[PDB]
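Step one of this worksheet: look at the structure below.
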Amino acid sequence: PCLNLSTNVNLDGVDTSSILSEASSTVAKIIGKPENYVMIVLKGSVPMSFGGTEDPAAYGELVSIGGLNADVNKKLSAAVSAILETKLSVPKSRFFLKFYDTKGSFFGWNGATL
Amino acid sequence: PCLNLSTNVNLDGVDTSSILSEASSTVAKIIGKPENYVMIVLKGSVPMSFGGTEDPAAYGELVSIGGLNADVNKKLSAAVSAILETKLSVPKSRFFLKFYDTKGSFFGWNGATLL
Amino acid sequence: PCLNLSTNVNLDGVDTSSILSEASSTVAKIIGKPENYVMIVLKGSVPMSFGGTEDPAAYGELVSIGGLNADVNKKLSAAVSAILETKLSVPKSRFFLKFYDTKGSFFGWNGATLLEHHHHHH
């Protein structure tokens, strides 16, 4: 699966490696897939508005071949939001996370599809 | 809802806050949701090609829990494309905008989902 | 269609226009779409991890009004991954590509939508 994040928080002084690593293991554990198949993308310094203000915020998308449903999505939202609160000071009230369950035939990896 | 935009235009010198504010209010009015729940994301200086050329262009995605249909989508495309033409000189013929309707159980906010 | 890509590789160090042009031609030819309607987006220097490491990687999404199916998607995966291998040194084992078949009425262009008047085709 892939967790693809954008934030207006500037990452120039941040240990992004630690954020990626925590997100990577957290997603693997909750979605129940080996971490070998987990991708995390984190774009910072992205202009954003949420609720009309430019205070720190984040937008994410999480794509997986199956494994996504109301319970898992709630648990992933809680856990990822806690990483963004602690490590980026993005409140969970300013984090939107879109989930997408893709068919394997519509997901490319290793030059082929699933 | 969230409108997530990328453009090859450089935002330096551009009043980025006014673009965000105009887009935020426009999306809120057309989709019919309080602006409290509208997110706008705008990345500039992104390498992109449209039609094989690198003239000003933009790609957007708009995600929402319902409220999307052919009529709403046409109105959103017209309004957002007008912002990009006037504020970034991105011609509407070089702007693609993918609309996605999501279930609330598949949209996270506030540490949970919108279910 | 639009192919929208992110990578941790630094594009200051590569001819980015040649990647855009080769991807644009490749998507047009494999889906079978006029190149006038092909958009390629490429963001670089993006923090990423895949499998817990930060070696070169890429994430993409390809949206198209029709023209996508299991066979075409496999060909697109192979061809686009080969561009990133040769031009960005991103191994195909570190490249994920989501495909999405959209209705025209859910795809804005030219200040309206591409609402379809005939049948949709995979």
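Residue numbers (our numbering), protein chains in the order written: chain A, 13 to 126; chain B, 48 to 162; chain C, 473 to 594.
Beta carbons are placed, not taken as given, at the ideal position from N, Cα and C, and that holds for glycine.
Report the residues of the segment 80-98 of chain B with a CB closer than 8 Å to any CB of chain C, ordered along the chain.
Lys90, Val93, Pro94, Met95, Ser96, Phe97, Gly98
For a quick check, are the C-beta atoms of C:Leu514 and B:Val93 less than 9 Å apart?
yes
Can at least three beta-carbon pairs, one atom from the segment 69-89 of chain A and one from the segment 107-114 of chain A, be found at a separation below 8 Å?
yes
Just by C-beta distance, which residues in the segment 479-491 of chain C are closer than 9 Å to chain E?
Chain labels in this structure do not include chain E; the protein chains are A, B and C.
Just the C-alpha distance for C:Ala550 and C:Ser577, rounded to the nearest angstrom, thanks.
29 Å
Applying the 10 Å Cβ sphere with the 16-neighbour rule, what's the burial state of A:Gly25?
exposed
Counted within 10 angstroms of its Cβ, other Cβ atoms place A:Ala35 as buried (16 or more) or exposed:
buried
Closer than 8 Å by beta-carbon distance: list the chain B residues that pair up with A:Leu15, in chain order.
Neighbours of A:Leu15 on chain B: none; closest Cβ ~11 Å, over 8 Å.
Kindly confirm or deny that the segment 546-563 of chain C and the segment 501-516 of chain C touch, where touching means at least three C-beta pairs closer than 8 Å.
yes
A:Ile52 by DSSP, collapsed to three states: which one?
strand
What are the partner residues of B:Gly155, as DSSP defines its beta bridges?
A:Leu109, B:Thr160
Step through the CB atoms of chain C and report whether any lies within less than 9 Å of the CB of A:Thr114.
yes
Three-state secondary structure (DSSP) of A:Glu73
strand
Give me the Cβ distance between C:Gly516 and C:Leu492, rounded to the nearest whole Å; I'm assuming they're in contact under 8 Å.
Incorrect: roughly 12 Å between the Cβ atoms, too far for contact.
Is the Cβ of B:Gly155 closer than 9 Å to any Cβ of chain C?
no
Under the three-state reduction of DSSP, which class applies to C:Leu540: helix, strand or coil?
coil
Exposure label - A:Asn81; buried when at least 16 CB within 10 Å
exposed
So, is the C-beta of A:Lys110 closer than 9 Å to a C-beta in chain B?
yes
Less than 9 Å between CB atoms is the rule here; does residue 617 of chain C satisfy it with respect to chain B?
Nothing in the structure corresponds to residue 617 of chain C, since chain C is present only between 473 and 594.
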